[PDB]
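Visitor: Submitted below is the structure of interest, expressed as structure tokens.
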Amino acid sequence: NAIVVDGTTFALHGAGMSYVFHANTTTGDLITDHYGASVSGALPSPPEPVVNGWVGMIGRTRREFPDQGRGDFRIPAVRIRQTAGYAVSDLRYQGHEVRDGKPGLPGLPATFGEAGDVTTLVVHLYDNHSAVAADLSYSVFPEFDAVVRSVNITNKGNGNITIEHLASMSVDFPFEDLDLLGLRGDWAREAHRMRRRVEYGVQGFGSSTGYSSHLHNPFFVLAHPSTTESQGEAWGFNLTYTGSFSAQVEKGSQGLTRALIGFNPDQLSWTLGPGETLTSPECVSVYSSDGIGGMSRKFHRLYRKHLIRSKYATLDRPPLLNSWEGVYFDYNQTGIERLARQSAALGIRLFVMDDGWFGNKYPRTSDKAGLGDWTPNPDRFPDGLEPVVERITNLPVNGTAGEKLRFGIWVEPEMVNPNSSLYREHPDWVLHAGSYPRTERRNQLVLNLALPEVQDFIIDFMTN
Amino acid sequence: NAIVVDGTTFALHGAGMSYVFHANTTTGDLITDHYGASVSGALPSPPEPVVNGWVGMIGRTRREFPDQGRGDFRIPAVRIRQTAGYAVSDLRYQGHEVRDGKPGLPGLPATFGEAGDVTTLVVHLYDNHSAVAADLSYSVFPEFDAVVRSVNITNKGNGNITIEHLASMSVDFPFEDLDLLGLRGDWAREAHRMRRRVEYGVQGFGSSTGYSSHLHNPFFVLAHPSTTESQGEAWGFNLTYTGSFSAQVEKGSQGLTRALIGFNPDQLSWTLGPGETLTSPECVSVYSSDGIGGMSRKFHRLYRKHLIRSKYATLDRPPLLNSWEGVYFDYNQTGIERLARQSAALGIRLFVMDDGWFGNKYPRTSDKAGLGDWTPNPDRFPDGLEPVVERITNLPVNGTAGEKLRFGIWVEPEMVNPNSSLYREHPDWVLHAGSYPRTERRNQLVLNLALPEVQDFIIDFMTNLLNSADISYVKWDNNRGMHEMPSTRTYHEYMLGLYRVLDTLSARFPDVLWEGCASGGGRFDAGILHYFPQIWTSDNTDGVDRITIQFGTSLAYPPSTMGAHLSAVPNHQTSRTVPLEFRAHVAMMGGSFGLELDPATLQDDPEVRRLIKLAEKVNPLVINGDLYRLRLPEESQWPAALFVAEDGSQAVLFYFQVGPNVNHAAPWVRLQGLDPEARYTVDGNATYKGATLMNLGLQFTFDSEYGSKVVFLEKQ
Amino acid sequence: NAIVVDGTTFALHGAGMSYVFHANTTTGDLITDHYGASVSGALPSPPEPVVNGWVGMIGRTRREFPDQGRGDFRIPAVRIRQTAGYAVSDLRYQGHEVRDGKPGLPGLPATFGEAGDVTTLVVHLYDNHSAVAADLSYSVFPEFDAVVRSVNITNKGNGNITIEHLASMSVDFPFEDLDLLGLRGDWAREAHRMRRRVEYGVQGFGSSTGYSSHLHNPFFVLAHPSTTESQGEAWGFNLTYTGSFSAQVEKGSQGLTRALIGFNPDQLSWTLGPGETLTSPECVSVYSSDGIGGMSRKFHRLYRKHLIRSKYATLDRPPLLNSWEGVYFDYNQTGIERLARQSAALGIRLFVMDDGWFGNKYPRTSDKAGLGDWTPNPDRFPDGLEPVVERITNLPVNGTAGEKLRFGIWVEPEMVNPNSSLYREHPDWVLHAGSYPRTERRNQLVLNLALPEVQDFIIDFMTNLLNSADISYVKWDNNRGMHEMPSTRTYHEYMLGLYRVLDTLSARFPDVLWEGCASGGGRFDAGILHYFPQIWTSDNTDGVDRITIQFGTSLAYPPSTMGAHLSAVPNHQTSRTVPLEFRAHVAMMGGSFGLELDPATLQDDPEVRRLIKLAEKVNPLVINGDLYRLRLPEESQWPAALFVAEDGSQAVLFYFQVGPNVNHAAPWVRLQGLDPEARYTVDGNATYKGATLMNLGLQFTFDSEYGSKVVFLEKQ
């Protein structure tokens with residue numbers, strides 16, 4: 001009974017959390033009632049607002065999947081360019097289904113769990129004027145007060161449509177005072193905490209780097225100004241995605257706050273042909289009445305049991321020695337085993353050989369060549385890699401009675417130096433735009449993992 | 001020597017401002033060196049920054065026209081989807097031209113000036129790989145420390161391109177703590193000052209109504225945290241545009257701050273065919289070292305001298321009576337004449353007949369019909385409008401000897417009710433997207449001013465209206481936003497159409513006083529001030545709230561621009577009751593003072609006639625003076641403002657007490673902008689030296705819930 | 001004409017300051033009209049307040065010398081228990097005298113000047129019912145916008161009166177937002193800047209130690225919330241006293257703010273028999289409209305010209321080597337000359353022998369014995385102290401060609417070890433309360449300076465010591481506070497005693513360079529500075545913590561007044577390691593630069609010889625220059641100070657980076673105090689206009705954990 005449907009009302013209940021919305025049977029829109037501590041039974045309904053000026057009733061209600069261009073001037077969760085050129089969208093509730101468990105997300109990483117741990121509600125919207133569908137997914141992990149949201153867009157028409165913006169999650173908050181928290185930084189100073197009051201207008205952060213990046217993390221918290229690590233209410237939002245992203249919080253003119261996280265709309269022009277679907281990454285979201293740290297502890301438990309799928313999620317990690325900062329590029333077979341012996345002598349159980357072991361015709365003796373040529377450097381490893389790894393994995397570890405050293409290695413599979421064999425063979429494998437200069441960073445270009453040729457190259461040399 | 005070019009270094013020099021950038025002849029990019037107080041001679045160049053991680057050298061420099069997709073991860077000023085489908089851009093410096101004066105802007109309002117007042121630099125950029133050119137315009141009005149910028153994207157290729165984003169202005173600030181001021185509100189509470197600290201990431205605001213809107217004004221100030229109304233450094237930015245807009249301040253990872261204003265990207269997908277050009281609206285930028293108020297005063301003088309082109313920019317506005325809150329929709333000929341007679345007996349020099357006069361088959365007797373049919377309603381005006389305007393304009397004005405009453409009229413041309421004749425004939429004239437429901441707000445739809453047909457419909461019925469009777473005033477209203485649109489292109493084509501209309505009609509009738517309006521200040525922007533010398537500030541006519549609204553609006557726009565009416569109590573929007581003199585003193589800070597009530601409801605005629613003469617006495621100083629916001633309503637319950645003649649001969653002080661002040665000391669209000677060593681006679685009595693009035697001040701006490709004083713200063 | 005009298009109105013005018021008050025002809029009380037920027041001519045009079053509740057008129061007025069017990073519930077400036085048992089006081093205005101120049105202060109240090117620089121106004125009050133006279137002095141130094149106040153209470157009646165509280169200065173401020181600033185700390189962390197909003201109620205600080213102390217300095221600034229180092233208005237108050245003090249700022253119920261400083265009332269129960277007088281220490285006040293920095297600069301010049309009376313006030317201080325941190329107690333004759341030889345060979349001009357040279361039967365070989373037996377230890381100096389000092393003052397100084405070393409001694413005359421000859425003979429000489437345990441701190445007791453036997457003992461051992469050898473520098477230390485006192489009167493009597501000793505000794509030896517010390521900045525007040533030109537700023541000699549310590553101290557006292565020594569690393573108080581050039585640069589912002597470390601432990605003899613030369617180059621600008629704190633160490637990790645020569649012709653910029661700044665932009669440091677239209681050469685290379693250096697500034701990057709730069713500017 002983690003999800004309760006009553007007519008057009010939908011309630012997601014957790015141990016200490018409730019998420020309640022409903023379908024407006026006149027307009028068809030999804031309206032949010034409550035997202036916060038547990039409620040149950042009848043809910044007080046908000047007295048209807050008095051409308052004056054330009055902001056009509058759609059601009060005064062809390063909306064689950066808001067569009068722009070029909071009266072709402074607040075930042076939208078979806079923008080769609082219709083085949084006929086309009087950037088209008090009238091998505092109306094059609095029906096829903098609740099299922100125990102949680103289905104997979106096509107091509108994307110996502111939380112998972114069995115019927116006892118998570119329940120899922122899928123809500124279907126349809127725009128009859130343009131033949132576009134949406135599917136909004138809601139998953140409760142009741143033990144962790146987590147709601148996981150994602151949305152599908154389907155083109156059901158005969159022409160192309162373009163998704164110009166699509167948030168994974170869009171919550172509208174009531175008129176309250178809110179603080180916004182996030183992580184900001186750059187190389188060598190990631191994830192510095194930041195905390196600002198939410199103001200009228202837009203505030204947020206995102207990444208344009210193609211990756212979630214050093215600059216802002218795809219994560220933010222809204223909380224009351226008096227919320228600390230152990231007291232007060234907090235709402236966390238996490239996007240399960242490694243690409244670019246946008247996170248926007250906006251206090252509208254009427255005082256309701258909209259929070260939305262997902263794709264970066266500036267790096268999302270997703271043409272959908274007839275029948276095609278675009279799936280958004282999921283956004284995990286957590287409520288806590290026990291401080292910001294209460295919310296963190298819920299994320300940590302959820303991720304370790306329902307996101308991190310490796311068998312090492314709950315296992316002890318072996319103390320390792322990485323050779324990067326101790327030796328940098330300057331080594332060969334001889335130094336790598338000096339390092340490995342001295343590691344085993346100290347009780348270290350895993351030895352990692354970092355950058356600088358690979359390349360042949362253009363060897364990795366610096367920042368400047370070799371990425372792409374993933375065989376050992378013969379100048380540095382005369383008899384290859386495996387004689388060395390076998391000596392290395394035969395060292396006994398000090399103070400262990402039994403155990404042998406384990407061996408690890410460093411790769412950068414998505415990159416390539418212009419100064420490499422790979423780039424000379426396959427210069428069209430790299431990200432580039434026509435004849436625009438192929439700008440470098442640390443003397444490297446990025447491989448195009450949208451190309452199936454590049455993905456199989458990566459899968460094969462890693463497997464080999 | 002206001003613009004100075006050495007090598008690739010361009011310097012724009014105002015009186016107490018300087019703007020310096022240069023082209024990097026290795027990358028082709030334009031790099032900002034300085035925007036602030038005056039520099040001259042050689043400038044220190046920054047030591048080269050060490051590069052580590054993903055942020056390359058392009059992410060560490062101050063740029064003037066930054067693109068994204070070649071290494072800079074910060075917000076861009078421009079985004080172009082090229083014909084082949086990339087969103088890459090590499091606009092490299094090509095050359096430049098300096099000329100004295102300022103070219104016009106095609107199809108848009110812009111500041112204007114002559115060779116002495118303004119000098120202009122155009123910088124040419126070109127993208128070799130995609131065949132796209134960008135031309136960046138910089139104009140200096142050195143007297144006002146103002147820098148006016150605008151940009152052109154011309155497609156020189158052979159396929160189409162799409163401008164997905166184009167900022168009018170784009171400045172990169174060095175690493176320093178900054179504060180962002182904006183004006184936010186909604187209907188009946190526009191232009192509320194907000195001040196927040198600039199944080200790593202993005203903050204800003206914009207508009208998606210299709211107009212500049214009540215929600216955010218297209219205006220913002222960057223200031224040091226310590227900057228006040230009279231101390232420290234402020235940088236202002238104002239977009240000269242009545243459409244949607246986007247304003248963004250981003251403190252990037254490296255600590256430099258990017259500020260940019262222009263089109264709302266989300267309502268800008270502008271296809272450029274081979275040989276087509278997109279022209280951004282101008283953004284006006286002001287620097288001050290004398291606080292936020294110094295910044296405002298330069299804006300005010302600039303707009304009054306180089307933007308408001310109407311002959312009324314410096315002329316005084318007649319005290320008027322608007323009929324809306326006194327009578328609403330329930331009237332006919334009989335009542336309008338009643339309001340006009342009582343108007344002239346009180347000394348009012350202009351009578352405005354608001355909503356409710358038009359429509360025939362579908363009369364404008366309510367919110368629900370007649371918008372579109374712009375002929376007088378025969379039920380209410382049986383012999384037409386011209387004989388009533390005739391009898392109204394023969395009424396003599398009390399206490400005047402000679403002058404007769406003038407007549408003005410309300411219109412809302414861009415709108416139509418479905419229950420009207422125009423809509424029944426031309427239902428395709430409205431904004432709409434295919435078969436989607438045509439959503440109403442206050443029962444009306446918006447006409448598509450991108451269609452030349454709709455433009456000429458408006459131009460023609462207004463030309464015919466203004467020639468059909470003795471009309472010397474038009475209030476041009478606009479009571480909703482755009483919802484569904486036939487294409488993203490229509491957002492900005494509507495505005496190009498509206499500007500053709502406003503340009504024709506205001507040039508054609510230069511002797512009409514035109515007042516803009518949009519449920520109040522829903523279109524309160526420099527774009528409308530170019531054609532209209534004044535704008536209805538807000539539908540909130542409550543004395544207490546008009547102090548916050550008028551103070552906030554004056555952050556960007558001159559008090560000469562602000563319409564303000566003494567209204568009836570209890571107030572129809574707040575239900576608050578404020579004494580009559582308080583209410584009047586607040587309205588006298590607007591450039592156009594007036595009454596908006598039934599004069600039958602006011603019973604002290606000598607007091608009202610006494611307040612109207614006071615309004616006429618202070619109106620010249622409000623129109624032509626410099627404003628000093630001595631005390632802000634945000635900071636205290638004793639707001640005060642000072643209007644100083646441009647030449648220092650005279651001043652008027654408005655001083656209010658909002659809350660009651662029970663059993664407590666009153667503050668001292670200290671003036672500014674006077675001559676320290678001059679003598680000033682305060683209200684015909686005592687005589688104080690400027691330094692005394694500025695360093696000690698005056699103290700006022702009240703024993704009332706609301707109090708107010710208008711005090712005059714004459715130099716000697 | 002700094003002082004103008006018109007009736008019962010008294011105006012003190014400075015360059016940009018005015019202080020105005022009047023005697024009320026009805027109540028006899030002195031009412032404050034204005035303290036701030038210049039006023040002249042007629043002043044506005046505040047409208048009379050409406051009185052309801054318990055606070056009558058006397059509670060709504062700005063009072064110059066307020067009493068409690070007749071209707072004013074705000075904190076009083078004076079409390080007198082009268083002979084008959086009342087604590088009532090009705091001191092009314094009787095008359096006044098104006099006098100050019102400034103009269104001395106009996107037994108207390110005070111600012112000085114002659115008739116051209118300073119004028120004094122004395123206002124005589126009298127209580128008829130109890131026969132008590134009060135005499136309020138006001139002195140203007142017009143060039144420095146400085147008002148100096150003090151008060152005298154004289155008993156004219158037949159019985160005793162007891163003064164229970166007596167402020168040197170009491171000002172009532174009008175209703176307005178105020179911030180309070182002061183310096184708070186402890187041993188090894190003196191003079192940390194704190195800033196707090198003034199609330200309703202009392203806030204302040206003081207000292208209970210019997211000395212002004214490390215915990216709070218007898219100094220505070222009232223400023224507007226928006227006031228910074230370079231903009232806005234600030235009022236400064238500095239008590240010229242080395243004993244205990246109390247500073248209280250009270251925002252009263254009605255909104256007016258009372259600031260007052262003076263004696264600590266809990267250590268002031270001063271019985272006055274018939275005819276006797278109690279004089280308060282002077283309080284210096286400075287108004288500035290150019291920010292808090294502008295106030296400091298006026299304090300610095302005022303104290304350099306009109307308070308520091310030693311001939312070294314504007315002389316340059318010889319680089320010195322102090323033996324303390326290098327050797328502590330473990331040394332004798334041979335170590336002292338190995339130290340002096342090695343010192344001379346580095347270019348050092350003065351060698352100071354610190355703690356550990358004295359005592360005979362109980363020698364000073366540690367913390368635990370000998371203070372009081374002020375003859376050289378014969379174990380350590382077997383031939384006497386004069387053969388050692390003669391050999392030392394013939395060592396020639398490296399890189400000087402000519403000059404011979406100077407020699408200086410450490411003393412701590414107010415203290416005695418129980419383990420000493422002195423205490424065994426005269427145990428009645430220390431401060432104690434009957435049989436109460438005589439608590440030690442650092443194993444010493446405090447000699448009672450209120451005894452004339454004690455004062456003469458000190459005058460004597462010091463006179464005999466300074467006449468035995470060629471000693472031209474004395475460090476006068478004091479390493480604990482007061483605990484048990486024989487009576488409350490003894491706190492103030494002690495200081496009158498200490499001041500007799502400092503006046504006598506400093507006048508008997510005007511060629512000695514005297515340095516105050518008290519475990520560092522434990523007595524860093526204008527009282528000491530009158531007699532000693534410099535003071536040991538802090539025992540914390542770590543480069544990072546000293547940046548904060550020196551920027552805080554400079555808030556009130558000139559940099560020429562601060563001693564700062566380059567110390568060894570790891571630091572003995574913080575365990576921090578910081579680079580040598582960074583330590584040396586922090587120490588050059590002090591007036592008396594030196595080294596406190598074993599000259600062998602330093603490896604780079606050229607680097608420290610280069611640094612000493614740099615120190616002697618910057619010293620004239622630190623001694624005579626004007627301090628501009630450009631960026632505070634409390635605001636960011638890039639603090640920076642600029643020293644501009646009196647005449648504007650040279651300057652030196654100290655710039656620091658405290659943390660590491662990894663992968664981030666660096667700020668720009670903008671200068672101030674320059675001529676905008678002049679050209680300045682920076683470090684002998686690039687030449688810039690003043691406007692550029694002030695409006696755009698310079699930017700430095702570093703790739704270390706700590707960075708520093710010392711940059712010279714020459715006009716033209």
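In the structure tokens, chains take the letters A, B, ... in the order shown, each chain's residues start at 1, and ligands count up from 1 in the order shown.
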Where in segment 76-272 of chain B does DSSP assign helix (DSSP H, G or I), given as number ranges by chain?

Guide: B: 142-144, 265-267

Visitor: What residues in chain A have any atom no more than 6 Å from chain B when counting only C-alpha atoms, and can you write them as a PDB file with C-alpha atoms, in the first residue's frame?

Guide:
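Result file is result26.pdb:
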ATOM      1  CA  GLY A  53      -4.017  40.797 -14.411  1.00  0.00           C
ATOM      2  CA  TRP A  54      -2.277  38.522 -16.893  1.00  0.00           C
ATOM      3  CA  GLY A  69       2.342  28.966 -24.040  1.00  0.00           C
ATOM      4  CA  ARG A  70      -1.195  28.483 -22.684  1.00  0.00           C
ATOM      5  CA  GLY A  71      -1.257  31.031 -19.829  1.00  0.00           C
ATOM      6  CA  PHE A  73       4.516  32.113 -17.657  1.00  0.00           C
ATOM      7  CA  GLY A  85       5.789  24.820 -36.278  1.00  0.00           C
ATOM      8  CA  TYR A  86       3.963  25.566 -33.007  1.00  0.00           C
ATOM      9  CA  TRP A 187      39.439  20.817 -11.013  1.00  0.00           C
ATOM     10  CA  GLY A 201      13.233  34.890 -10.544  1.00  0.00           C
ATOM     11  CA  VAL A 202      15.409  31.998 -11.660  1.00  0.00           C
ATOM     12  CA  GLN A 203      18.439  30.579  -9.964  1.00  0.00           C
ATOM     13  CA  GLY A 204      20.355  27.399 -10.567  1.00  0.00           C
ATOM     14  CA  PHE A 205      23.326  25.808 -12.248  1.00  0.00           C
ATOM     15  CA  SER A 208      27.612  22.423 -20.569  1.00  0.00           C
ATOM     16  CA  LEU A 215      31.733  22.813 -11.969  1.00  0.00           C
ATOM     17  CA  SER A 253       5.368  35.977  -9.362  1.00  0.00           C
TER      18      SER A 253
END

Visitor: As a ChimeraX atom specification, please: every residue in segment 302-411 of chain A that a backbone DSSP assignment puts in strand (DSSP E or B).

Guide: /A:320-322,350-353,358,376,396,404,406-409

Visitor: Output the selection as an mmCIF file, in the first residue's frame - C-alpha atoms for each residue.

Guide:
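So part.cif came out as:
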data_model
loop_
_atom_site.group_PDB
_atom_site.id
_atom_site.type_symbol
_atom_site.label_atom_id
_atom_site.label_comp_id
_atom_site.auth_asym_id
_atom_site.auth_seq_id
_atom_site.Cartn_x
_atom_site.Cartn_y
_atom_site.Cartn_z
ATOM 1 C CA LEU A 320 45.912 0.312 -2.739
ATOM 2 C CA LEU A 321 48.971 2.184 -3.963
ATOM 3 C CA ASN A 322 48.574 4.208 -7.147
ATOM 4 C CA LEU A 350 46.360 -3.834 -4.372
ATOM 5 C CA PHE A 351 48.876 -2.139 -6.659
ATOM 6 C CA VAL A 352 47.720 0.163 -9.453
ATOM 7 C CA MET A 353 49.849 1.089 -12.458
ATOM 8 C CA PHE A 358 50.858 2.101 -23.328
ATOM 9 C CA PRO A 376 51.918 -2.074 -23.609
ATOM 10 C CA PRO A 396 53.196 -11.751 -0.571
ATOM 11 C CA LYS A 404 48.925 -12.047 -2.609
ATOM 12 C CA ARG A 406 46.458 -7.724 -6.666
ATOM 13 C CA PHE A 407 47.115 -5.735 -9.827
ATOM 14 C CA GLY A 408 45.214 -2.804 -11.327
ATOM 15 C CA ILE A 409 45.598 -0.596 -14.379
#

Visitor: Please provide the set of residues having any atom within 7 Å of segment 676-686 of chain C, restricted to only C-alpha atoms, with same-chain residues fewer than 2 positions apart removed, written as an MDAnalysis selection string.

Guide: chainID C and resid 674 688:691 711:716

Visitor: Select all residues from chain B having any atom no more than 7 Å from an atom of chain C (counting only C-alpha atoms, ignoring ligands), output as a PyMOL selection string.

Guide: chain B and resi 34+37-44+46-47+52+175-176+226+231+254-255+663-667+688-689+691-692+695-696+698-701
